[PDB]
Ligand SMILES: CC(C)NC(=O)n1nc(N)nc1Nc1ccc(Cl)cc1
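Before any questions on how it binds or moves, here is one chain, the form deposited without this ligand, in structure tokens.
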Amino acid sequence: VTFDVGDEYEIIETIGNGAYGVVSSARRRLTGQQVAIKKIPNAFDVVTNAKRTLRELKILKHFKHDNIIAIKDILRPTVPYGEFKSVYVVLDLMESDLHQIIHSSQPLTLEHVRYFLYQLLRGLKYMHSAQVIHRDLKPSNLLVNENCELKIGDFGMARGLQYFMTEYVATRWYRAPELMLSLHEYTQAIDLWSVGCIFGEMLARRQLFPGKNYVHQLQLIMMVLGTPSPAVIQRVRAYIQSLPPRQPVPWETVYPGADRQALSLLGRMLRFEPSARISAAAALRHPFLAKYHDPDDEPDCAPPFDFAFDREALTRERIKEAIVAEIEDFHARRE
């Protein structure tokens, strides 16, 4: 079967795969309400993964927000603690993600784009007030349904306030320059870079900076934003120091026929300097999102999120203990 849940849920279809692991749509037995169930097959075998899972449970259990994917249940172990391998999390089931929507024959008007961006930023304002950087925002991590309701998901990369830049890789289309040309101060401005990229992706329905490798990535950014001012720098320095004085291409020539306000907002997000970028809070006060802006319906998260548990260097078994403790804690609060 490979999905041995109880009689509380009824599996419908298998939707697909995270890197680890499996997501099936289901139906709660008593309410008939549709949920999504993620099985994590060997959740405690690999220290790095177990750490991700623990991290992601804590952040989701901390957040209550219409624009951030949510945990509805975590299933108890149905076997002894020693034998417990696979963890099942019940989450909000959405109908698609934003990647499928952008890259489809269906039409995508500015009204869609405007509404999708508003929800994204409303979600991030809450996160960032909790002092949680998402770090991996992309359209496939933005879940969506028929009535354009949007939810941010996948917090496995999230961080408070090692990794290596491998060359031949095309997986950094939404990564902020500070994570590339490694500056020593990483803040929540990181997500607003990715938002800019995502935003722009919707306006053209095609990737803004689709780099094929590490270098092609920095080239593509430079081709639009120009060279970063000397001050905005400091081995890696050399590659850029000697490259003809590049000027920023205006966003109007990048997107011909686009909306004046949309670009004003976009231009406040895609900027090398992390401090130069708008915050999510401020972005919501932009004319572009004026239709939707409601001060009394765009809350912060309090208290903020402690990352103590993450810093601590834990064994494989001690992370299993902590994850199990999150499951027991989850049920204690509800029941």
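Numbers follow the displayed sequence, beginning with 1. The term rigid core refers to the maximal set of C-alpha atoms that superpose within 1.5 Å between the two forms.
Same protein, other form: the form solved in complex with this ligand, not shown, and the subject of what follows.
**Q** Can this ligand, laid in as it sits in the deposited complex by superposing nearby C-alphas, fit this form, that is, is the pocket open, or is it blocked with 3 or more ligand atoms within 2.4 Å of backbone or C-beta atoms?
**A** After the site C-alphas are aligned, the pocket of the shown chain is blocked to the transferred ligand.
**Q** Among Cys301, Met269, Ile40, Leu284, which has any heavy atom within 4.5 Å of this ligand in the deposited complex?
**A** So the residue touching this ligand in the deposited complex, by this definition, is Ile40.
**Q** Work out which of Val89, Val113, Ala158, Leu265 lies within 4.5 Å of this ligand in the deposited complex, going by heavy atoms.
**A** Exactly one listed residue reaches within 4.5 Å, namely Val89.
**Q** Picking from 302 to 310, 276 to 284, 289 to 297, 49 to 57, which part of the chain touches this ligand in the deposited complex when contact means heavy atoms within 4.5 Å?
**A** Looking at the other structure, the answer is 49 to 57.
**Q** Do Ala325 and this ligand share at least one heavy atom pair within 4.5 Å in the deposited complex?
**A** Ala325: no, not in contact with this ligand in the deposited complex.
**Q** Can you tell me whether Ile71 touches this ligand? I mean in the deposited complex, with a 4.5 angstroms heavy atom cut-off.
**A** Heavy-atom contact with this ligand at 4.5 Å: present for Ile71.
**Q** Fix the rigid core, compare C-alpha positions between this form and the one not shown, and report which of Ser229, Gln247, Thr171, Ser104 shifts by 2 Å or more.
**A** Single residue meeting the criterion: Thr171.
**Q** Taking the rigid core as the reference frame, is the Cα of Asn17 displaced by 2 Å or more between this form and the one not shown?
**A** The answer is yes; the displacement is at least 2 Å.
**Q** Once both forms sit on the same rigid core, is the C-alpha displacement of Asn145 at or above 2 Å between this form and the one not shown?
**A** Yes; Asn145 is a residue whose C-alpha shifts (by 2 Å or more) between this form and the one not shown when the cores are overlaid.
**Q** Between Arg318 and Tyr20, do the C-alpha atoms lie closer or farther in the deposited complex than in the shown form, with a difference of 3 angstroms or more?
**A** Their C-alpha distance grows by at least 3 Å in the deposited complex.
**Q** Given that the CA-CA distance for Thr171 and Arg135 shifts by 3 Å or more in the deposited complex, does it become closer or farther?
**A** They are closer; the C-alpha distance drops by 3 Å or more in the deposited complex.
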